[PDB]
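Below is one structure, written out as structure tokens, with a few remarks after it.
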RNA sequence: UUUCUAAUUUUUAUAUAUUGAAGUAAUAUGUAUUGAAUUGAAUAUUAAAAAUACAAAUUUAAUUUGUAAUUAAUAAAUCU
Ligand SMILES: [Zn+2]
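Protein chains in written order, with the entry's author numbering: chain G, 10 to 54; chain Ab, 159 to 261; chain Am, 244 to 292; chain BA, 14 to 151; chain W, 60 to 113; chain Ao, 229 to 284.
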């Protein structure tokens with residue numbers, strides 16, 4: 010069947026990108042923001 | 159289920175004819191002349207005279223065999239059920255004709 | 244003869260014992276009962292014996 | 014060819030599982046009474062060391078300033094936070110053993126808010142007394 | 060035998076006019092007035108097939 | 229916006245002395261026993277020429 | 001439609017029967033009245049009369065006879 014009923018909560022799985030990814034010191038409370046701003050800013054290999 | 163759906167046909171005539179056996183063996187049996195073979199031979203004599211004594215039974219002698227009778231019971235239930243369906247025409251054509259009257 | 248056909252179900256469930264498919268052999272319990280009823284009640288349509 | 018795939022609780026379903034009967038029973042509780050002892054039992058539910066406020070007042074915010082009843086820490090809920098279901102996260106677990114109460118300005122809103130509760134699976138609430146709970150200061 | 064266009068139009072005009080299953084088609088057959096009062100329900104021919112009469 | 233909605237009941241829901249006549253000719257199921265009629269086999273009615281002439 | 005790959009929409013969907021209920025009895029206002037060559041429940045029109053139940057027919061030039069006597073017959077229980 011093609012009408013799948015699931016928690017669409019499933020389709021953006023946060024198993025690999027929790028806030029310890031973008032905010033790497035949040036369990037350390039200092040709350041620093043080190044994100045990857047755009048696919049453009051990629052400096053290179 | 160077999161012995162049930164046949165009990166629609168017999169238990170009621172049995173529930174009856176097992177109550178007469180009770181009535182017979184209780185009220186008439188004590189006062190019943192057991193010398194029937196002589197009694198019958200008396201009517202075979204009363205018939206050879208022609209002027210014998212065949213007697214008709216009376217209501218009180220006969221009401222022993224008074225029983226729920228679905229010959230009548232089942233019948234007049236339909237007729238009374240029917241003369242209600244015959245009653246719901248004159249009362250219907252009176253109701254319909256009563257719908258043409260303004261409010 | 245002692246040989247019996249050991250079969251848990253008859254090999255042909257629609258076999259007949261009359262002339263026609265509606266004269267079938269194996270009858271649903273829920274109709275075998277309404278058969279044994281009429282053969283064991285008054286027979287005011289079909290004569291008996 | 015529905016009702017073969019889905020049940021009878023399909024097409025023959027009055028999906029209005031909200032209020033075919035509860036609203037009536039709401040006007041039933043409205044009829045009987047609420048008084049001192051009916052608050053004094055609630056006083057024991059305030060006497061219970063476990064402090065979860067029993068009664069709640071659904072009254073306009075200017076009204077409560079005029080006759081403040083907030084003394085026993087009872088809950089002040091806007092009558093829509095009840096109707097809309099935004100209040101279920103603070104509502105007793107024992108739906109069949111709990112009976113809170115509902116104070117309101119004029120007893121039409123009270124029953125109109127307690128019917129919302131009985132729509133949320135709640136069973137006992139006698140649903141009003143604007144003046145008793147003040148006469149039962151506690 | 061006039062095909063009574065629906066099955067429901069069938070009526071037993073005579074005492075001897077009865078119903079019969081002439082090959083899946085409910086018809087009326089009478090010994091008396093043999094073809095005069097005969098009626099046959101509208102249905103496919105007794106020996107049809109799946110490409111000829113659907 | 230106006231919303232039309234039924235009033236609250238003060239009396240019996242289905243009308244009784246206000247019922248419109250059924251609307252189909254009330255030839256009851258018993259005056260012409262067309263179908264839906266169940267009778268005990270002991271109490272079979274109206275065979276005055278077939279099997280009520282000799283009632284039981 | 002860059003190329004290798006992965007995929008959730010499939011020339012496979014349910015079709016109406018059990019039962020030529022055909023034995024079981026003389027009658028009786030009455031062949032109503034009218035219209036009618038005639039008509040007796042079954043020409044024509046007329047249809048809310050009655051009592052001790054059987055008037056929308058077949059039948060006959062008319063009747064009588066004679067067919068007929070408001071009944072068990074649960075496809076619904078989805079099939080995957
Ligand atoms: Zn004919």
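Don't be surprised by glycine CBs; every beta carbon is placed ideally from N, CA and C.
Outcome for residue 58(BA) when other beta-carbon atoms lying within 10 angstroms are tallied against a minimum of 16: buried
Strictly under 8 Å for the Cβ-Cβ distance: is residue 191(Ab) near chain Ao by that measure? no
- Query: CB of residue 285(Am) to nearest heavy atom of ligand 1: below 7 Å?
  - Reply: no
Candidates 103(BA), 86(BA), 28(BA), 35(BA), of which the one nearest residue 137(BA) by Cα: 35(BA)
Please classify residue 113(BA): is it buried, with 16 or more other beta-carbons within 10 angstroms of its beta-carbon, or exposed? buried
Tell me, please, whether the CB atom of residue 165(Ab) is closer than 8 Å to any CB atom in chain Am?
Cβ-Cβ to chain Am under 8 Å: no for residue 165(Ab).
Practice task
Output yes if chain Ao places a C-beta closer than 8 Å to the C-beta of residue 258(Ab); else output no.
Solution key: With its beta carbon at least 8 Å from every one in chain Ao, residue 258(Ab) lies outside the interface.
Any idea which residues DSSP pairs residue 62(W) with across the strands?
-> 99(W)
* Whose C-alpha, out of 165(Ab), 223(Ab), 208(Ab), 212(Ab), is nearest the C-alpha of residue 186(Ab)? -> Considering only alpha carbons, the answer is 223(Ab).
If you measure from the CB of residue 72(W), is any heavy atom of ligand 1 nearer than 7 Å?
Relative to ligand 1, the beta carbon of residue 72(W) is positioned inside 7 Å of a heavy atom.
Which of helix, strand or coil DSSP assigns to residue 72(BA): Of the three classes helix, strand and coil, the one that applies to residue 72(BA) here is coil, per DSSP.
Exercise. What alpha helix (DSSP H) runs, 4 residues minimum, are completely inside the region 12-45 of chain G?
Worked result: 28-31
Review point. CB of residue 91(W) to nearest heavy atom of ligand 1: below 7 Å?
Key: yes
### Task
Note down, in chain order, every chain Ab residue with its Cβ under 9 Å from the Cβ of residue 268(Ao).
Those within 9 Å of residue 268(Ao) in chain Ab are 166, 170, 228, 232.
Practice item. Evaluate the contact criterion for the region 265-280 of chain Ao versus the region 225-239 of chain Ab: three or more CB pairs, one atom per stretch, below 8 Å. Key: Contact between the region 265-280 of chain Ao and the region 225-239 of chain Ab is present, because at least three Cβ pairs lie under 8 Å.
(request) Give the residues of chain Ab in contact with residue 272(Ao), contact being defined as C-beta atoms less than 7 Å apart. (result) Neighbours of residue 272(Ao) on chain Ab, chain order: 232.
Would you mind giving the Cβ-Cβ distance between residue 166(BA) and residue 71(BA), rounded to the nearest angstrom? I have them listed as a contact below 8 Å. Because chain BA is modelled from 14 through 151, residue 166(BA) falls outside the range shown and cannot be assessed.
### Message
Can you check whether the C-beta of residue 270(Am) is within less than 8 Å of a C-beta belonging to chain Ab?
### Response
By this cut-off, residue 270(Am) is not an interface position.
When the Cα of residue 250(Ab) is compared with those of 234(Ao), 254(Ao), 262(Ao), 232(Ao), which residue comes out closest? 254(Ao)
Next item on the list: Quick one: give me the first and last residue of the beta strand (DSSP E) that residue 78(W) is part of.
Entry: 76-81
Quick one: is residue 244(Ab) near chain Ao, going by C-beta distance under 8 Å? With 8 Å as the cut-off, residue 244(Ab) counts as an interface residue toward chain Ao.
Review point. Is the beta carbon of residue 96(W) within less than 7 Å of some heavy atom of ligand 1?
Key: yes
Strictly under 8 Å for the Cβ-Cβ distance: is residue 206(Ab) near chain Ao by that measure? It does not; no Cβ of chain Ao falls within 8 Å.
For residue 26(G), tell me which candidate among 45(G), 51(G), 52(G), 53(G) has the shortest Cα-Cα distance. Ranking the options by Cα distance to residue 26(G), first place goes to 45(G).
What are the start and end residues of the beta strand (DSSP E) that includes residue 166(Ab)?
Element bounds for residue 166(Ab): not the beta strand (DSSP E) but the alpha helix (DSSP H), 165-181.
Hey, is the region 208-228 of chain Ab in contact with the region 237-251 of chain Ao, meaning 3+ C-beta pairs nearer than 8 Å?
Under the three-pair Cβ rule at 8 Å, the region 208-228 of chain Ab does not count as touching the region 237-251 of chain Ao.
Report task. Pull up the distance between the alpha-carbon of residue 277(Am) and that of residue 169(Ab), whole angstroms please. Result -> 18 Å
Give the straight-line distance between the Cα atoms of residue 281(Am) and residue 159(Ab), rounded to the nearest whole angstrom. The straight-line gap from Cα to Cα measures roughly 13 Å.
* Can you name the residues of chain Am whose CB is closer than 8 Å to the CB of residue 160(Ab)? -> Within chain Am, the residues placing a beta-carbon under 8 Å from that of residue 160(Ab) are 276, 279, 280, 283, ordered along the chain.
Quiz item: So which of 120(BA), 148(BA), 142(BA), 98(BA) has the shortest CA-CA distance to residue 135(BA)?
Solution: 98(BA)
Give me the Cβ distance between residue 12(BA) and residue 111(BA), rounded to the nearest whole Å; I'm assuming they're in contact under 8 Å. Since the displayed chain BA opens at 14 and closes at 151, residue 12(BA) lies outside it and no answer follows.
| request: Report buried or exposed for residue 80(BA), applying the criterion of at least 16 other Cβ atoms within 10 angstroms of its Cβ. | output: For residue 80(BA), the number of other beta carbons within 10 angstroms of its own is below 16, and it is reported as exposed.
*asked:* Any beta carbon of chain Ab sitting closer than 8 Å to that of residue 243(Ao)?
replied: no
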